[PDB]
Every structure is written in structure tokens, then in C-alpha cells.
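Q: next input, structure requested:
(chains A, B, C, D, E, F, G and H, ligands or ions: 22)
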Amino acid sequence: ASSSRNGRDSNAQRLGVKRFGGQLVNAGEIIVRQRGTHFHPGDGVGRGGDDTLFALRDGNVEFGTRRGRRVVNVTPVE
Amino acid sequence: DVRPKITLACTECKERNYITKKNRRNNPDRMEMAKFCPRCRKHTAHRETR
Amino acid sequence: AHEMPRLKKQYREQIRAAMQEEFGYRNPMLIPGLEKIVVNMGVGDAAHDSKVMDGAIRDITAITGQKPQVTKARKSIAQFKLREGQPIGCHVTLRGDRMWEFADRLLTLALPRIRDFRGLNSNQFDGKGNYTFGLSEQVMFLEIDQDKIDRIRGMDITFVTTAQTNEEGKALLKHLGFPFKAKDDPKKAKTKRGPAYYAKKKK
Amino acid sequence: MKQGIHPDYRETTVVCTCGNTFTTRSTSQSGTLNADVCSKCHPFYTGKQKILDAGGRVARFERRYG
Amino acid sequence: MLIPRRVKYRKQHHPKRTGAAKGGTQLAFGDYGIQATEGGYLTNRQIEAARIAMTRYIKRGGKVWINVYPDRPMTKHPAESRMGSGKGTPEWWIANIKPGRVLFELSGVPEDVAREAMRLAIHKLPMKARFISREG
RNA sequence: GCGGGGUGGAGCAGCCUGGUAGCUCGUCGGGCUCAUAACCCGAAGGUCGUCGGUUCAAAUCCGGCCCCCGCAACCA
RNA sequence: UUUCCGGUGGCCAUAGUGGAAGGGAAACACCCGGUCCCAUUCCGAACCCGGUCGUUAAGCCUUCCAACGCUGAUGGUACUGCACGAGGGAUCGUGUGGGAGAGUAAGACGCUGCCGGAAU
RNA sequence: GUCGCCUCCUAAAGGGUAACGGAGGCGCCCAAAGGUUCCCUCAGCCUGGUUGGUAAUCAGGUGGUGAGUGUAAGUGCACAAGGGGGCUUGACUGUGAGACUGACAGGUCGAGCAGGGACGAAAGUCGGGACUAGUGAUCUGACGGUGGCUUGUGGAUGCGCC
Ligand SMILES: [Mg+2]
Ligand SMILES: [Mg+2]
Ligand SMILES: [Mg+2]
Ligand SMILES: [Mg+2]
Ligand SMILES: [Mg+2]
Ligand SMILES: [Mg+2]
Ligand SMILES: [Mg+2]
Ligand SMILES: [Mg+2]
Ligand SMILES: [Mg+2]
Ligand SMILES: [Mg+2]
Ligand SMILES: [Mg+2]
Ligand SMILES: [Mg+2]
Ligand SMILES: [Mg+2]
Ligand SMILES: [Mg+2]
Ligand SMILES: [Mg+2]
Ligand SMILES: [Mg+2]
Ligand SMILES: [Mg+2]
Ligand SMILES: [Mg+2]
Ligand SMILES: [Mg+2]
Ligand SMILES: [Mg+2]
Ligand SMILES: [Zn+2]
Ligand SMILES: [Zn+2]
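A: Numbering: from 1, shown residues only, chains lettered A, B, ... in the order given. Ligands and ions are numbered 1, 2, ... in the order given. Next comes the structure:
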């Protein structure tokens, strides 16, 4: 008959933004899982080995632009 | 077989502290590294075991 | 030693005055002058051995007076049979006093003793006041020996001048003194070989 | 310049065996060089030549017959 | 028969056949033309039949433009076989036609014989189409 | 469908892998003979079915295609 | 206080690209040297050092030019959540909310903060 | 024919989503292709030039990403994560606030701290590699270290821990 040379696929990795704008986060809380820097680390946000953006401090998450880059900041809580 | 697992032991307290991989063809001889020896409690020269 | 070269002195006085008078530059620092001299040689038959590169290094070192930059192959090519990173050419950049005295030596001594020398074409400018030409043979530089050269090699000589336009570059290099300006012979062979190869059909 | 990588490039006069002598700090370890011919002593532009050609095909005819 | 020299992917999903014509709803090259009033798939065989009809009727004069191109491949399941075992091999090449799309254009021909040639062509197409002009 | 094969004029090597295409016969030129066959001495001869890709580089690696084979195409 | 200019940010083309004209008081710059720290996978070109003569030619600065590019409504259309409807069928329509892309008028030869400079 | 892992599409603008659906990869590699610090900008095109040709090396002009990235693809990267030089071993030991993601086993990220280092004038960065595949639970056995235990005691032997 016939057969397919396809049928392989990788497991779902579950990327994407995990905390949206204004959401209160704790220090170290993961903000976005991603491959490559679609979002760059902004103020109060660190970037991990697999390009995960996480919170360096408590506060509220905001998405903005720092110079020419899309960045994610954590504004310290009032 | 071409990139075997080599074990680095400290040349002071002969303790197999670390394990890593070399190329055997790109690095035929035993490798020398300065790693942290927990027993010697400092950075000591580490050599691949024979 | 400390002495401003003959060619540099001639350039400054005579050539700067002549250019200021017969181009009418409205600013004093617009008179063109030699910026640098580049001595290249592609020794591409070095993909099979290293002795040819050593000989080329010795020859260019003796000719110029400084160690050459040896360029490694940017990309490998099978039909030229060169791998990646092999040394296939060497070049020297001369500026200032070394530039001036090498140019003086070359013009006064070397190309005069080219076999059946007929001068240099005036139509070998890049189009921006810089003039590059080629020597097919090397030992004609009498600053080197004669009976120990490994093999005959050639080279490319490039004069880069701060000249905006081709006509003023030609004027500068004439005033410095270069065999050329004749007529056909130069431009003649030029047009010829030009048209000839200039076609292309890699497809 | 970097020390120890460049050749000897001391002074060097030049006798062109033709009434022309200059001084350039070339690489001639010995010193002055000896020119078989200068540029001002050479037949190229000092005008000492003028070959052009010999295109008188008819001129040959009356040379050997006229 | 119009067949593309190559395509990026030979096995593709069926083209969307919803909506009106995305673009090319107006005459761009010729004086008269065929405008499809209904959507559908237009195979290269149908395109060739219509083009042959128009050219043959207009004889030597005038010029014809084929605005659409059958660059979408359609696979066919192997005959007499149960469902499965992967997608088939491309068998047809179609163009995605939507209402209002100008399919063919004609120029350099008087209006009456142009109309007759367009009628001959339209009777070969699988969807309804009409003769259009630049208002004369 | 599975697997193999396509290289001078013919029949066959070169395919783990890239870089140097070989043997036998035949073709062609010269000897030997009265002449032919045989034999002796020299030479040419295939850019590798085709399209495309990989790669610095393809007979060799990969895919499509064409041709030739073999096998399978079953249970009621 | 103002004007002009040099640095250093912010917005990241409404700022760019290209063309034209003009300017240097401080300043910037090219420029002039290489002795000295230092430097070139060769080269005092660059980096670095020493000068500020020369020069506004260029960088830089000012004015001008919608020319390429950029920005860009309103209205309409596509699509669409919900609720229905019509065709033999591809598919299509309406109600009620949302509503582009393109295109059109147009905008635009940048805006703004701090520090320093020379003058007022 | 397929069975685990990775990338894309299908997948309907979070995540997830099946088929013997559509495309490809993986079972490595690198002592630098890791760390750090400083420096650099490509491909293409045009012109001129010994050998030299479309294309080697050289010069000028142009050119912002179309080159490049050890390896698929995507997301990234010209601020370079791309190219080069110097010095190095953090391809660390003891840790992990706080999160991500799975029915679970599990998979992933991680600030801060101490020890002891590398680099940098410093600020600082470094718990392998631009990112995501390059992998196998438990059992049983093995080697190295440690010396917790050892059936009367001391050894031995065996075991435990790492
Ligand atoms: Mg990392
Ligand atoms: Mg990692
Ligand atoms: Mg359009
Ligand atoms: Mg039976
Ligand atoms: Mg608009
Ligand atoms: Mg709009
Ligand atoms: Mg999704
Ligand atoms: Mg959805
Ligand atoms: Mg399901
Ligand atoms: Mg790098
Ligand atoms: Mg390791
Ligand atoms: Mg925790
Ligand atoms: Mg994973
Ligand atoms: Mg520390
Ligand atoms: Mg230090
Ligand atoms: Mg890497
Ligand atoms: Mg790196
Ligand atoms: Mg068991
Ligand atoms: Mg007892
Ligand atoms: Mg431990
Ligand atoms: Zn030790
Ligand atoms: Zn002479």
C-alpha cells in the first residue's frame, strides 16, 4: 500500500507570558517562558539560561519599550 | 567510544572529585585542570585518572 | 634617520603649488596627496605547500621594509583547491615616510629596469583618484638578491590618494612622476583586454 | 612599528652608474645600491629611442627600385 | 497546460473558497474580459480549453491574458485503497476563483466577435461567468 | 509496495566513504604472413540514465523521475 | 534672563534618506607630530601620547526643499461575538455589538530633560 | 510502516488539542565552539588591479541585515548572541527565597549567601555552550572515598552513607 514519512512531533513546551501587565508578583516569580528574546529583561527583571524572564523583585509587571527593545519591567510596589 | 568519560582526581588528596568528557583524539594525553577540591578545601590541580 | 624624504619634499612644494594653481581649490586642505601604498600578492598556489608563502614573505619584506599581513582564505574553493583558513596572500600597507621613500625607490629604480618597459597605462584608476597596477615579475626589485629566489612571483601596487576625482588623481600621479600619459599602448591594451574578458556567462 | 618583526631598513645611497645618485633608507643590508639605469637615464622617456615602426611598404619599393 | 515549475509544498490544504474576490476584480490589461460570478476551483485543463476556444475564434488578431494561474496542487488518494496511509500524490492543479474575479482578458478585437469568443470560453468553465468591458 | 540494478562498443569492477575511473574483449594505427585468422608492439575510448538537493568538492551522499529485474499483491 | 554652541539622556524615521545655502566667540573637529605611557594579527591609518599652528573642505551646527521613505484620519468595505435566516450544494444574507488592512484628505525636513561653554 | 526526544504547520491571535495528517531533525559535538575582558562588522553589488578566471588576495565606492550562528527548525541576535586578540577553568563546593510545567514519577527557571577561584582599572559577569533535542526509572552489581554500623570482646568480614 503506502506509508507516511511523517508522524513525529515534539511534546508541548507551554511557553508564553505567565504574568500579564499589572499582575502582582513576588521576587523570583517567572514572568515569561520563551525561546530567544522576544521580550528583553527590563527593570527589576532577570533573564535565565533558557531566556525565561523572571522577577528580580516584588512589584507589578508592566510591558514596555526600553530604547529599541520590547522589555518587561517589574515596578516596585508602592 | 570516541568521547569517553574521564575522571578528574585531585593531585593532592587523590580524590575523584569530578567527571567530564574529552575527545581522546583531540586530547590524547591526561588532562590537567585547576578545580575546587572539597577535602583540600581550595583550588588544587586535578588530573585525569589512569 | 631623521630626514624628510626627497619625494615628500618635492610633493609638498612643487605639487601642492601646482595643484593649487591649476585646480583652483577654494580651501587649502583640498589639494590631493598620497594617502597610502598597498603592496599585495596573491600566491594562491600555496594551497599545496607552505614554502611559496615563505618565499613571498621574504620577497615582500625585502621590497617594502616591514612584516606583511598574511590573509587566510575567507572561503574554501574546490576548483582553486584551497581550504578554509589557508594562507593564500600577503600584503603591506605603507604610510608616511615609508610610503614616500618606497614610492621614490620604486619610481626611480625598479620599473625603469622592466624588460622592454613601455610605461604604465593611464586608465587603471579605480574611478576615485586611486591608481592600482600590477607587476608580473618580482626580482626586478633590485633591493632583493638574484640567485636564491625560490620562484618568480608577481604583485599588485596600489596608490590610494586623497583625490576626489580621477582626473586630479591622474594629475597628482603624473606630477609625482609615473610612466604613462603616452596614448594608445596604455589605454590601448587597456580597452582591448578589458572588452575581451569583461564578458561573463557562468550560466 | 613593532620591535623584532621588521627587517633592517637603514640608510642606503644609490649610484646609477649613469651620473645619478640619491639616498633612501632601503633594506640593502650592505647599503647603497647600483642602478643599471635610472628613470632620467633610461631610454623610455629621456626620449632615447623612438621605434614607432617601419611602415613604408611602398617606400621600400622605391628604395630598392627608385 | 499551466503547471508551476516548482512549489514549496506539494501537499497542501484545500484552498478557502469563501468570500468574494480578494483582488483582481477589474480589467488590467485588455479591453474585454471574463468575470466569474461564482466561486470555485478552476483547473489547468479548463483554463486551457477556454484559452484555446478564445484564440481559435479570434483567429490571428487580438491578444489574450490569463489572469489566474493553477498553482495550487490537489492530491488524489490512491485508487481502490482504504482511507489512511498518508496524503496522496498531486493530481490536479487549480486556481482559487471567487466571485468578481476577472479570469481572462482580450484586446485588439471588435466587440461583437470578442463577445462571441468570450461566450465560447465561458461554456467551458465550471462556474458561472459573464462578459465585461470598460463600459465600451 | 519491498529490495537491487543503469559506468567506454559489449560484458563486468570503482558505492562503509566523496578527491586516483580498473580488468577482459572489441575499435583504431604498426609488425608477423603470399594473404586472412591467430599472436607481438603502441594508442584512443565512459565527465557515470535523467532532474534537483547536500556539500569546498558527487559515479559515490539524499530525493523525484525513466528503464530493467526480483519479490509481494494475502484470509472469506 | 535670553540667545548660540559643546556634552549626556528620553521618544526611537513626524526624527530617516537625498538635494541646496550658510556658519565657527568658547567649544567640537579635522589637522601637526611621535620624543615619552601605549599601539598595529603589516601600517602612529586606528588606538595612545604631545601640541593647538593651520582649516571651516568634511564631521558637527543653522536655514531651506515633500523629492524617496516615514506618519495618517473621517466614511465605507472585509472579517467577526451573539441571535437568526436562505440555498440541491460549493456557500450566502440579515438583526444586534465590535471593526480592520489597503486606499483617500492630510502631517512631517523632529520633539524633550539635565550639565557645560561664550555672550547678554 | 510506526513506537522515545526536538522544531515548524495543522492548532481556530494565551496554554492545550487528534489522524497510518503535512515538513524536517536527535541518540552528538567543542579544552574551545566554555568563562571573562577589549576590539570588529557582514553578504551582495559596482570600479581598478601580476599570475587570477563569475568567484582566492588588494584598493576605493556602495550596502544595515538579504551574511553569519558546530548541528534540524522556529524564536532570537548588527547593542551583536556574528568576526578577532589577551588572560583563564565557574564544564565550581555547600545552597536555594520564589515560581513554571505535568495524574504522578518527573521536567524547567531562579534571586540572595558562604567557601574557594577566573577575568576586568572598576561596575561587575562566571554553577558549560543564543535558546529549545544529543537521552533511560527501579532493581542488581561495580569502583573510589568515608568510617556510621559489626550478633560475647578485639580484629576481620559484610553492610551503610557520599
Ligand atoms: Mg547561558
Ligand atoms: Mg544550557
Ligand atoms: Mg492590489
Ligand atoms: Mg484459500
Ligand atoms: Mg493610512
Ligand atoms: Mg484604517
Ligand atoms: Mg496556540
Ligand atoms: Mg484559541
Ligand atoms: Mg484527544
Ligand atoms: Mg561572539
Ligand atoms: Mg560536566
Ligand atoms: Mg523555593
Ligand atoms: Mg526539554
Ligand atoms: Mg564569591
Ligand atoms: Mg585584579
Ligand atoms: Mg555555540
Ligand atoms: Mg559564546
Ligand atoms: Mg525487578
Ligand atoms: Mg547471641
Ligand atoms: Mg555532595
Ligand atoms: Zn584534593
Ligand atoms: Zn641610469
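Q: name the residues that touch the helix or strand residue C:191 falls within?
A: Element membership of residue C:191, judged by DSSP states H and E, is helix C:184-198. Residues from elsewhere that reach helix C:184-198 (C-beta atoms under 8 Å, 6 or more residues apart in numbering or on different chains): C:118, C:119, C:120, C:121, C:122, C:123, C:124, C:180. C-beta here means a position set from N, CA and C on the backbone, and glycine is covered the same way.
Q: can you point out the buried residues in it?
A: Residues of helix C:184-198 classed as buried: C:186, C:187 (neighbour count, 16 or more other C-beta atoms under 10 Å in any protein chain shown).
Q: for stretch C:150-165, same thing?
A: For stretch C:150-165, the neighbour count (16+ other C-beta under 10 Å) marks C:153, C:155, C:157, C:158, C:159, C:160, C:161, C:162, C:163 as buried.
Q: near chain D at all, that stretch?
A: No: Stretch C:150-165 is not in contact with chain D by C-beta under 8 Å from any C-beta of the partner chain; minimum separation 15.6 Å.
Q: if we can go back for a sec, now, which of the contacts of helix C:184-198 sits nearest RNA strand F?
A: residue C:124 (31.2 Å; C-beta to the nearest atom of the strand).
Q: do I have it right that the closest one meets residue C:156?
A: No: using C-beta atoms under 8 Å, residue C:124 is not in contact with residue C:156; the gap is 10.7 Å.
Q: give the residues shared as contacts by the two.
A: Common neighbours of residue C:124 and residue C:156, counting by C-beta under 8 Å, 6+ apart, are C:132, C:133.
Q: and the contacts of helix C:184-198, which are buried?
A: Using 16+ other C-beta under 10 Å as the burial test, the contacts of helix C:184-198 include C:119, C:120, C:121, C:122, C:123, C:180 as buried.
Q: and the two most separated of those residues?
A: Greatest spacing in these, by C-beta to C-beta: C:119 and C:123 (12.2 Å).
Q: any idea how far the residue nearest to residue D:11 when sequence neighbours are not counted is from residue E:49?
A: Nearest non-adjacent residue to residue D:11, counting by C-beta to C-beta, 6 or more residues apart in numbering or on different chains: residue D:25, 4.8 Å away. From residue D:25 across to residue E:49, the span is 88 Å (C-beta to C-beta, to the nearest Å).
Q: ok, residue A:46 next?
A: In terms of C-beta to C-beta, residue A:46 sits 67 Å off from residue E:49.
Q: any idea how far the helix holding residue C:191 is from the chain center?
A: 19 Å (C-alpha atoms, centre = their mean, to the nearest Å).
Q: now the strands for chain D?
A: Along chain D, the stretches classed as strands by DSSP state E are D:13-15, D:21-23, D:33-34.
Q: just checking: what are the partner strands of the second one?
A: In its sheet, strand D:21-23 lies beside strand D:13-15 (antiparallel), with partners assigned from DSSP bridges.
Q: turn the contacts of helix C:184-198 into CSV, columns for secondary structure and distance to RNA strand H.
A: Output for those, formatted as CSV (DSSP: H, G, I helix; E, B strand; the rest coil; distance: C-beta to the nearest atom of the strand, whole Å):
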residue, secondary structure, distance to RNA strand H
C:118, coil, 13
C:119, coil, 13
C:120, coil, 10
C:121, coil, 7
C:122, coil, 11
C:123, coil, 7
C:124, coil, 4
C:180, coil, 12
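Q: hey, what's the residue nearest to residue A:40 when sequence neighbours are not counted bridged with?
A: In this structure, residue A:40 finds its nearest non-sequential neighbour in residue A:69, 4.4 Å apart by C-beta to C-beta, 6+ apart. Note on residue A:69: beta-bridge partners residue A:66, judged by DSSP bridges.
Q: return the residues in contact with residue A:38.
A: residue A:70.
Q: so how far is residue A:60 from it?
A: Residue A:38 sits at a distance of 21 Å from residue A:60 (criterion: C-beta to C-beta).
Q: state the distance from residue B:7 to residue B:41.
A: Here residue B:7 is placed at a distance of 20 Å from residue B:41 (C-beta to C-beta).
Q: which of the two has more residues huddled nearby?
A: The neighbour comparison of residue B:7 against residue B:41 (other C-beta atoms under 10 Å in any protein chain shown) goes to residue B:7, with 13 against 9.
Q: thought residue B:47 was touching that one, still the case?
A: No: using C-beta under 8 Å, residue B:7 makes no contact with residue B:47, being 9.8 Å away.
Q: gap between residue E:59 and residue E:124?
A: 18 Å.
Q: return the residues of chain A in contact with RNA strand F.
A: Contact residues (C-beta under 7 Å from any atom of the strand) of chain A with RNA strand F: A:1, A:2, A:3.
Q: re the thing from before, any idea which of the buried ones among the contacts of helix C:184-198 is closest to residue C:111?
A: Distances from residue C:111 to those, taken by C-beta to C-beta, are shortest for residue C:120, at 7.6 Å.
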